[PDB]
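A single chain, nothing else alongside it, follows as C-alpha cells in the form deposited in one PDB entry.
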C-alpha cells in the first residue's frame, strides 16, 4: 500500500476498536493501532498529505504530536471566496418534483452552508431554506453572500431571489473549547459535554468492511434488552450512527440476512432510535409486528405515513411466474 492507504487503515483501526471499546483519543491509541496497521512510508511523504479529522490527528501523532486531541481544534472559518456545491436533483431533472442545492464556504468547520430545497407545485415554486452555521457568525451577511452564489449557479434564479432572510431557518453549532474526547461507536464524546460528534466511517477495503459489519452485530449481540434501556441518549445516538452507516452498505436481501434486526436487544434500539433505515437499495422498516417492510408507493400499509409492503426474498419458483413482457 501507499502512505494514503496506510493512514486510512490506521484510522479504520481506531473506528473499529471504538465499536466495542470506548477509548480516549490520545497518542497511545494510535501507537496501539500501529501494531496491527504499521506506517511504513517515510515521515517526509506524510507532510505532503493534506487531511482533516482523525486522519490528520494520526498524521500529527506520527510526526511527533504528544498531546491528546482537543475538541474544537479543527475549527475553521473557511475561505469566504471559495465555495462547494452540493445538489440533489435539478430544475431540468427534479427528483420526485424536488431539487435541493447546498452552497458552503470551502474548508469551513463546522461547515457554513445555505441549503435551498425547492419543489414545483401548482402553479409555482415552494422553497425552504436552511442556513447551517456557527454561533456568533454574521447570519444575515452569510445568508446574502451564499444566496448570491445560489442566484449565480441556479438554472432558475427567479425562484431564489424572493427568499428573504426572514424565511430562513438557522441552525447554530458551537465550537469546542479544547475538551479531550472519547471515541466510541465512531463518535467523539467531549468530556463535560452531553452531545457527540459523529465521525466518518471509512472501511473501504475488504477486511475493514467485513469487520465493521461483524463488530456492530457483536456489539449489539453482547447487550441485553435491559442494557440498552440503560444507555444514555448520547450513546444511543452514536450506536445509531454506526447502525445507519452499516445498513447503507447492504441491498435489501443482504441487510435482511445480516440479521441484526432479529436480535432481541436490537428491538430495544428500534424503539429508542426509530424503525426506518435506508439501505443501498431502498428504505426498510424493521417492524415489531409485521417484520421487515420495504417502502412501496403501492403498498397497503403505512408506517408513520410511509407506504410500505412486506419485504420478500426472491424465490426462483416465484420469479419464474413473473410475466416477462415483450419490449
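We call the rigid core whatever largest set of C-alpha positions still superposes within 1.5 Å between the two forms. Numbering follows the first chain given and starts at 1.
Higher mean CA B-factor, judged across 315-323 and 11-19 from the recorded values: 315-323.
Comparing the deposited coordinates for 225-233 and 120-128, the stretch with the larger average C-alpha B-factor is 120-128.
In this entry, the residue among 208, 174, 101, 218 with the greatest C-alpha B factor is 174. Per the PDB entry, 46 shows the highest C-alpha temperature factor of the residues 276, 260, 46, 294. Compared with the other modelled residues of the chain, the Cα B-factor recorded for residue 245 ranks in the lowest third. Ranked within its chain, residue 213 lands in the lowest third, by CA B factor from the PDB record.
Annotation for residue 142: CA B-factor lies in the lowest third of the chain's modelled residues.
The entry lists a Cα temperature factor for residue 150 that places it in the lowest third of the chain's modelled residues.
Placement of the Cα temperature factor of residue 283 within the chain: lowest third of the modelled residues, per the deposited record.
This protein has a second form, the form deposited in another entry, left out of what is shown; the following refers to that one.
Only one of 61, 293, 33, 55 has its Cα shifted by 2 Å or more between the shown form and the other one after fitting on the core, and that residue is 293. Once both forms are overlaid on the rigid core, the distance between the two CA positions of residue 42 between the shown form and the other one is under 2 angstroms. Superposition of the core reveals a Cα shift of less than 2 Å for residue 165 between the shown form and the other one. Put the two forms on the same core and the Cα of residue 306 is off by 2 Å or more between the shown form and the other one.
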